[PDB]
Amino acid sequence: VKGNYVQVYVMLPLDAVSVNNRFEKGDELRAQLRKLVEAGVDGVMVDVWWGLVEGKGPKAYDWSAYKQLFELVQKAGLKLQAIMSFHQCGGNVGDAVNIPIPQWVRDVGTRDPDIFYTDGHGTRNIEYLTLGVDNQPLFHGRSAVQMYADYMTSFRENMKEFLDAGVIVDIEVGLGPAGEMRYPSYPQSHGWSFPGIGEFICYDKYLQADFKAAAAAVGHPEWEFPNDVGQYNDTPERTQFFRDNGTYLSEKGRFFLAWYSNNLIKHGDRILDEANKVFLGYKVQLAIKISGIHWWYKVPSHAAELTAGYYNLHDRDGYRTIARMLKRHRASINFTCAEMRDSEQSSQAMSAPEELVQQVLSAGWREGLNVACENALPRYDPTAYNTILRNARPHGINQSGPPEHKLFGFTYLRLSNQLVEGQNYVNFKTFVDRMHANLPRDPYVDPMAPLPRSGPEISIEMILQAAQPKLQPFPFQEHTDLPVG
């Protein structure tokens, strides 16, 4: 029975550390974490905000608030998943917690605005640095990759006790907006609203130059970005690029989609190589986050996936390519939408979260990766928990041993007083029991080996062999065999 146990993590509040980098929720969190421990929870997850820690200047890392938080987590006996959060929290009207990237990095942007992902109207998104400047030494002598590596190194050095005591077990490497490996193709501040197709965000001058060079290398120096792509809130059939039998299928369209999605894959590969070097020998797993772009999954162009940077079509597996890049690093995939049913979505949105989840999980498993999930939206109800259960163990309980497939972990978004009171808490506690296959909490489940070095670098052409032939997902049971009640 024990091989069936799936760990449950809870995401801490976005301001677990205050926006002024002080640890102010000691009393509240201590009581809330006792409730999580009483409910069987294995660990918690927390954003380690770049804008808080490196806020005062280059290499002026102030870890003091995070240390107090971590001591609290250790004293509660919980495991911890740390997100290297190189992105902005919040920043839209009505957002409760606003934590930009460091001011001194934004200051560089006032002179070089092309450090930001830029759309076709020239709007600069300030939430993350363009993959275009990964290797450009624009930041008081450092490149973006060097800044990420130095931050991670400082983290390792300062949190060494927590790593050595087995408190920190997972490092999630932020690779874009919201920590997700994607482009900022659906920004509420630029006027996107669900279920718009989004936009290609490759207009910064660094990426424009990258494209020109890539185009000339295949004998087409004239070529340019597609301009028949509509705008954020269009539907696919209103554009010549995304409509059925549209120009996404042309030679030019294919080259551009590959260039755009490949750049994201290369961004992840190079940052994970540095992260691996940082954490070499520590008993931690590295993970990336893949966003769940379920809208337009039911139309042939998969338009919203394409603009996010996931080059996924009926005959092209744009998630298995990503999984193949992760293989050498022994990095895990953290996906979302674990809680969603297709029947819960708007019909206009052409949305298939269940099929998307099955595709991403099956891609990870076929590459031998650990796969974990999160819920996309707040849910407290049994149906949601049953949906997660189904995804956690797609073939149900195995009586004999471990199941053929299961999630390595599930992380619940997110902790607050609402979760640890009333019927919510009762539903949640019952969920954790079921995730654990009705066994008591085992803190020593899924032990980590010392992190080995990433295997040999493989080329983009090698990675892309994983795209085709596109395989059907593994079959998933329609309903969990171990429901909450």
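Position 1 is the first residue in the sequence shown; the rest follow in order.
Comparing 340-348 with 99-107, the stretch with the higher mean C-alpha B-factor in the PDB entry is 340-348. The question of which stretch, 30-38 or 448-456, has the higher mean Cα B factor is settled in favour of 30-38. Based on the entry's C-alpha B-factors, the most elevated value among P187, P177, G292, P382 belongs to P382. Comparing C-alpha B-factors across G141, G132, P300, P402 in the deposited entry, the largest value falls on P402. Sorting the modelled residues of the chain by their CA temperature factor places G51 in the lowest third. Placement of the Cα temperature factor of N312 within the chain: lowest third of the modelled residues, per the deposited record. Residue-level temperature factors show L407 in the middle third of its chain, judged at the C-alpha atom.
The entry lists a Cα temperature factor for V19 that places it in the highest third of the chain's modelled residues. Looking at the C-alpha B-factors along this chain, the one for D204 belongs to the lowest third.
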